[PDB]
Amino acid sequence: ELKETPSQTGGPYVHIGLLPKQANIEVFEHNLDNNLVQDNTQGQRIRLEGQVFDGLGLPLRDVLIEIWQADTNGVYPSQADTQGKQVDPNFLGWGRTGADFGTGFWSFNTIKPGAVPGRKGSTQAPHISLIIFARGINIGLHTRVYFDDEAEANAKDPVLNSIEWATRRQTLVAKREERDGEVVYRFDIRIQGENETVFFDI
Amino acid sequence: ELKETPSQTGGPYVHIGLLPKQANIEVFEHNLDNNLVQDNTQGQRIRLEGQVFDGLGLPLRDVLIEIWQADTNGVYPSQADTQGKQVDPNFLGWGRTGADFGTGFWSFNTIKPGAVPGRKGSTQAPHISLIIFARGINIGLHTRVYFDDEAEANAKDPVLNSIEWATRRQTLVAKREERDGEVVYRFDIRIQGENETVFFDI
Amino acid sequence: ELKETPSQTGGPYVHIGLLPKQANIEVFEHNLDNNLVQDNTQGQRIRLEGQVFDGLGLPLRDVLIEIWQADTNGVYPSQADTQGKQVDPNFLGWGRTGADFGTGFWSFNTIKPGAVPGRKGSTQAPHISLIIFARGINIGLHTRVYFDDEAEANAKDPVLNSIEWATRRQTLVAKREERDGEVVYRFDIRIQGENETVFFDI
Amino acid sequence: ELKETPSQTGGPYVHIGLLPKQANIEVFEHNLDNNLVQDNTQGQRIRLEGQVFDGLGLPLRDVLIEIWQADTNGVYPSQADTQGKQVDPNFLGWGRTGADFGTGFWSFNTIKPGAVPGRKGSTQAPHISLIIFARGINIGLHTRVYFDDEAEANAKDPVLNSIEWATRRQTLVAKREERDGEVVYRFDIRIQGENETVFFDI
Amino acid sequence: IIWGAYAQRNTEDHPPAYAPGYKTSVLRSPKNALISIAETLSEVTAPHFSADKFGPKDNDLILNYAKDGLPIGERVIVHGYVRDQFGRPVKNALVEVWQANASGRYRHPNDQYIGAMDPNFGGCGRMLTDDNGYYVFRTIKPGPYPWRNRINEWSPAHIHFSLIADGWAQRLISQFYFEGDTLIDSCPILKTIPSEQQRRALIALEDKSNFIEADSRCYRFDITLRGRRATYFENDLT
Amino acid sequence: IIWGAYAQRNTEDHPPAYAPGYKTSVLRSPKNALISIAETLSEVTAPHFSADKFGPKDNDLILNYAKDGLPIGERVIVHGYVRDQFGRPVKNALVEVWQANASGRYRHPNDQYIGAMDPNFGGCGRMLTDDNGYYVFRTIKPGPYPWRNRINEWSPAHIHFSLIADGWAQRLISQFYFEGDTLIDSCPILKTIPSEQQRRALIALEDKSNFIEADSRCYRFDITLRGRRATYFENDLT
Amino acid sequence: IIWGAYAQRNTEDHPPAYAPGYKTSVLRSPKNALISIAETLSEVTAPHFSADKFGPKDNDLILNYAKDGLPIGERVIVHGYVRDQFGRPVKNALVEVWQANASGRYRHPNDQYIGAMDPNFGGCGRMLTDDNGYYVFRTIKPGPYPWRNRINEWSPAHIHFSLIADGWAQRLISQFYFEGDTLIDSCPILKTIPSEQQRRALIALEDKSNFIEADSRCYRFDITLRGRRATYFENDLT
Amino acid sequence: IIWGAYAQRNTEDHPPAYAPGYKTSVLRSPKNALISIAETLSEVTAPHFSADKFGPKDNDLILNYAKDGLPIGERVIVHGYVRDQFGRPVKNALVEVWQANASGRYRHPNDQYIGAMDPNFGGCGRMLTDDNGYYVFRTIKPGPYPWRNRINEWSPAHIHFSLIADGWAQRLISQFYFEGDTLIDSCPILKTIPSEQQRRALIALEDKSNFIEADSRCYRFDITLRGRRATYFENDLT
Ligand SMILES: [Fe+3]
Ligand SMILES: [Fe+3]
Ligand SMILES: [Fe+3]
Ligand SMILES: [Fe+3]
């Protein structure tokens, strides 16, 4: 048997290899980005946005974020999904973005996911899986984003219910807002301190 | 090559060797103290005072402090100063004091320093270099004292500008007050916790 | 990774395994020999002959020689040839012979090869690759045979031009003669001494 | 005690560091060269020229040569000379040149040296010390140049007489010629083979 | 074969989040322990990237940014295999890399080092591993990079990399170094990894038999990701 | 010679600020990492003290506080050299020392141990190093000191010292021990230093050839401070 | 996969041409160094031999020359694998072997040793490796051979072999010995190889599990040839 | 002090002239042994070069050829001491150096490697040692250089140097390498030196305390020349 290659921080120039346009490097014709909605993509369009804060309460202006999620019917666009259902064919399920160098805001244009089966016949509440990489962070931090308008499903979700300190569950619930007709979910991440966001070892 | 001798805390009786009068030891005719102003010393006289606080918000009543600074024209009274300027001849540039055993207040009678050249043609804002030694502190803690009435020079200072978390810069700015005709700068140092003072590795 | 098996001299009885008829051993129905021309083989027939001389100027009477060459159109009869051209189908491209035990003469009945592509778009002059094995020789010696009637192509050949001592290039040029209607190229090889034949590490 | 740093060949680009103008590198204002005669230099002007040949009888077209010699009165322009005599003040005593990349010819414009004291009260015949560096040469080769018109002094020279194989002494004697009023000494060096030039371990 | 969950990440084989010698980790590390969960479909799936979208020079850092000439520096090929912890090849995984140029300078707005920028070098590439888990790219060997952790901090020459493979749980970012660089023993980021054997797992080896004469040297570097266990009894994933 | 900056302090050669085995460091250590800066004139200069102000017995702890008689205890001379990390002597540096008496008792209002006070011993001295970086003082060997870290904590015999030299960056306070004291292996303050070789750098060695017959023993103790690099190209200090 | 050139021959892994202890090499070795060239199509191609031309007993040295009875001597099978230096099997390579009989006598006009000739043994065979690079032949173990290098020179028992494979550059002739023969440490031809590990690479190992009861012993001997590198960028061969 | 002759060159501490693994030495090495002579004034004297003729950037390979910008590559300072074999400093010796650029490319008409030329780098410098025998220069670390000895020969990164000092007998040309380069163990030119300890004498060491923050690394390399014996009895030189 082999040991996993050890993780190392992505460092402050992680944009060069993962978001070259942000480092002002035009080298690729097709650039991976933060827009998961294609013209024929099914589902309700939503914008996910927030900032990442360090232990002094300041925003990380060099953080890179990625999200992985299911389609509107709760099917992952991956060969590893075993539901035997057809996935939306115009949906990658993944995106990557970086916080703005001046303000630290980040966002994704995506679709609200459908519920996905949990273990042993359970049903998970709708969620987006999210990972954070940045200078100072030695191993990407995994967390999940749930939606405040899914109170009912959240209360029964297996993962949220497996966090024994119940006051911490709320840090994983994003707030729904409606900016000029658009549905926006605000999710701020606090790496350290009061109201520290729950991070998982997955 | 040799390695630097390792540091060790000065401990609670550091007064015996460095401020014997405070430990009630009369052994030396000339005792080093906290008064940097001699009768013919040039410049505006100021008093620098404050307390040092531990992580519970309590004052260290056994801390020893030293300051090193330039004269009124920004020249250090040291052979290592390369400005080619004449330094005030009645100015040592250094002093040592200990906090009061009952209240923890410390102070120095000194002169406000002039601006000193920074690296590569820059100009540093007026500052005093300060070091703290005490029981519990394994290596003396270096910090700097800037003056709130030098807003203009502070904003352009190379060292303050090299602290990337900008909210922390204010911990190095002492507040000007005027006690019965005397100019007093209050500088409290917080070793741990909220508003922790910036410490440098120089 | 593995290291190549080390070479060892073929020794004086190399005929037993490689030219049994010369050692008077009739064991195989099909014996590999020195005649590369089959009845339908295309190209101009030529005889290649010479002797191999040691450092005293004496002929090796126990040397074994092999040649590898392209067909009349410069295509090798090997799956590794990448020209995308059809090779003469009645041509092996290889032969083996041994010097006569009494005189040391050796010869091959073959065809004059066509020019073969060199590296990076160049064209090599017509040549035959030749290797020598014998007692006293620890590693087979590789050399090449060029033709004196191809002056023009020889002058531009990449390999001949990569020999920086230019007087040595001539040792690789065989002399054309015409014995009673047959075209014969004489190529003598001098292993050591004045006019030593160039040997390559290929 | 320390061991001498080991020698390594100068390689084929030795001109870059030692004769930059020959590699077409203009970087220095003052370039060391092969002209030892300054306007006020005393003595008879002579040109020293030749080629360096390898074991195939071919010229080295990448060899670098340096000479060291005394002035017209046999005094070295070095603080280590102990004769107590005044040396010509307009004479460096050293020069460096490289063979022409196409022909291999090299030359120096210099002065004919005067006789220098040998060991134990002897007198050496006039000579120039010469060293050769080039790709293929692992340690610079030292030799000496004597003059054929100094037959008398050559016959009594201590160094030439210390070569026990007397036929080899002649390889160190350069031939005087007179090109259109100029005195030229031809000295060819043969590194290997018949008439191999004597090399010293000094 | 019915796949179950990925084997647990062995936290002792990786750096801790809090590593005071690497200064920026002090305010960017959680104070709480990570909450371990049992895996679901969310953790074992991942996206698929098609080779169709990739340009022909995407894995050629020597030419993909070259405008007027070639970049200055040491021409090297880096290749290897990506496998899971059970030794199975990782097929069609997305590998993204980035690095400084031959001066130790990054092409990034926040890098202001005096080491010179190279107008013909960009510093980023990507490729998909093949069916044997194999990858190969070519580049300029980066120069060691000075930075401010302690003021005179220098990292050894390195290439950053990222992998997105079969399961989200496998998501990984790290960096590799080149055999023999003396700065490897002083790097405070490398020292966040606890064991010596894991530190050596980030060193690419000189691969002399694969050097290309009068052209390029070659380094060999293999990557290991978490692997899935096979299930033969109850399948609880769903 | 144009001097540039002092070489960086090697943080691995010193104790960390936070060392939980030394209890008072828990609330007196910063939570943030130190901010490293590039040096300026402020960091490379330091004050000058003239020998003129020093009394004749300032380096004689045996006599500088003696009133009715001599202090009780082991008469010892301590001497050595102060050098920078490049081996250059540190000239005219101010060395200040302080210690407990032969009972392990300090002359300080906050020390209440039952070990007896000595009416003829003060416990402090000072001296300036000479042009070779040499220093010498005489004293009473201190006794081991009990204190409350864990309740039965005992430190080995030691002398505290402080140095103010050529550059403020060199500012240092530490302490040395005496060869062979068995308490050296149990001291939690000594254990804050990470490496064994640095812990041994605080041990003064018995110097038998310098003992003075029927008078005093002698210990040899050398101190190393940070050193400045020389500059041969751009001089950025100013 | 587009193949580039064969990896360079490592001259340190082979005997030098000039080896004075092997006397006939003194006048049969070039005085000039070999001229290395970059490979072309001429060096990477080689002929193809069809199995169709081979007789059924071509790899059976025990029967291929037998007339009135079986040859006298030790019945042995030799088998192994031929691989390139990257471990890939060498398919359909021509292997030719020759050896002395059980007396150490060669069937050759120039061999006049008193060891007896065997009317039923010839001493030559050949075979093509299969798709796994495997070969197998059967023979009589040869006896050690006396010869005149120094007058009392004796070579250990050995079988000479030759390989013609995929590229002319791979062309090779060598010989293997049998495990434990004490003459291996004295052979001046074996001593022309510089390193001990390469000398051991010519020793066939006893393969006890493959012995055939009441019939024949077995030796295992693997051969490694030069290997081609794969090309992923410019293809300069043509 | 009256100086006598230089100590004899120890031929076992240097490469032989004939070294067949370095191919061009085969026709450029004498067949005859060198003739040793007793030294005279010719061998113990040497020229004197005045610092007056040297330009200000002669020891700054980073700036002495820079036209439009800085050269691309790793900024390094190399310094050390030149001493004779008796440890005495070599004063005012002329040191000349030359090297390839960061691509392993030399600025020379006969170098045609594909590694890119750098319009701002020349590759040559010079300096005179000071009265302590000290030297210092700055440059771009050269890249390893491919060449044709065997076709895929690669030399480790190196800087060539030459010394002209007090006596002609001291005349020397060699080259140094950088600590940790893996190509050092394969270089056939380095292998011409017989002993391992002399091979290590050509390796410049990383000098971490002399690195200049956010600017340049530093290597330490000392050179030893032949030394003169002192005479106390008969002085036979003249
Ligand atoms: Fe990096
Ligand atoms: Fe104490
Ligand atoms: Fe044999
Ligand atoms: Fe070189």
Side-chain angles (χ1 to χ4, degrees), chain A residues 8-14 16-17 135, chain B residues 8-14 16-17 135, chain D residues 8-14 16-17 135, chain E residues 97-101 104-108 111 113 123 142-147 149 153-161 173-177 187 189-190, chain F residues 97-101 104-108 111 113 123 142-147 149 153-161 173-177 187 189-190, chain H residues 97-101 104-106 108 111 113 123 142-147 149 153-161 173-177 187 189-190:
Chain A
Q8 295 280 82
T9 181
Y13 316 124
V14 60
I16 295 183
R135 162 178 62 127
Chain B
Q8 295 280 82
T9 181
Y13 316 124
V14 60
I16 295 183
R135 162 178 62 127
Chain D
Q8 295 280 82
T9 181
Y13 316 124
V14 60
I16 295 183
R135 162 178 62 127
Chain E
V97 304
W98 68 99
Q99 58 170 89
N101 73 184
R105 181 74 183 283
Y106 281 97
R107 183 173 281 280
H108 193 279
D111 185 344
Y113 169 56
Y145 161 76
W147 58 294
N149 184 59
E153 213 70 80
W154 285 79
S155 278
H158 60 279
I159 297 182
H160 291 273
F161 63 94
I173 280 179
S174 190
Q175 57 199 2
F176 61 87
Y177 304 97
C187 187
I189 291 167
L190 178 57
Chain F
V97 304
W98 68 99
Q99 58 170 89
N101 73 184
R105 181 74 183 283
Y106 281 97
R107 183 173 281 280
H108 193 279
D111 185 344
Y113 169 56
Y145 161 76
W147 58 294
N149 184 59
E153 213 70 80
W154 285 79
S155 278
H158 60 279
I159 297 182
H160 291 273
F161 63 94
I173 280 179
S174 190
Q175 57 199 2
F176 61 87
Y177 304 97
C187 187
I189 291 167
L190 178 57
Chain H
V97 304
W98 68 99
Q99 58 170 89
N101 73 184
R105 181 74 183 283
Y106 281 97
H108 193 279
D111 185 344
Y113 169 56
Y145 161 76
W147 58 294
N149 184 59
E153 213 70 80
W154 285 79
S155 278
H158 60 279
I159 297 182
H160 291 273
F161 63 94
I173 280 179
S174 190
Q175 57 199 2
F176 61 87
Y177 304 97
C187 187
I189 291 167
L190 178 57

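Chain identifiers are assigned alphabetically (A, B, ...) following the order of the sequence lines, protein sequences preceding nucleic acid strands; residue numbering begins at 1 within each chain. Atoms within a ligand are numbered from 1 in the order they appear, just like the ligands themselves. All heavy atoms count here, side chains included; hydrogens, waters and symmetry mates do not.
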Exercise for the section: Return the set of protein N, O or S atoms whose distance to the Fe ion (ligand 4) is under 2.8 Å, each given as residue and atom. Expected result: H:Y106 OH, H:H158 NE2, H:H160 NE2
Problem - Minimum heavy-atom distance between B:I16 and F:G123, given as atom pair plus value - result: CG2-O, 3.8 Å
Problem - Heavy-atom closest pair, residues F:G104 and F:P146 - result: O-CD, 4.4 Å
Practice task
For residues H:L190 and H:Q175, determine if any side-chain heavy atom of one lies less than 4.5 Å from a side-chain heavy atom of the other.
Solution key: no
Handout entry: Contacts of F:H160 that satisfy ring pair (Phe, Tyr, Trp, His ring centres under 6.0 Å) - sequence neighbours left out
Key = F:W98, F:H158
Handout entry: Backbone of H:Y113 reached by a side-chain donor or acceptor of H:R105 within 3.5 Å
Key = yes
Handout entry: Whether H:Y106 and D:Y13 hold their rings parallel, tilted or perpendicular, with breakpoints at 30° and 60°
Key = tilted
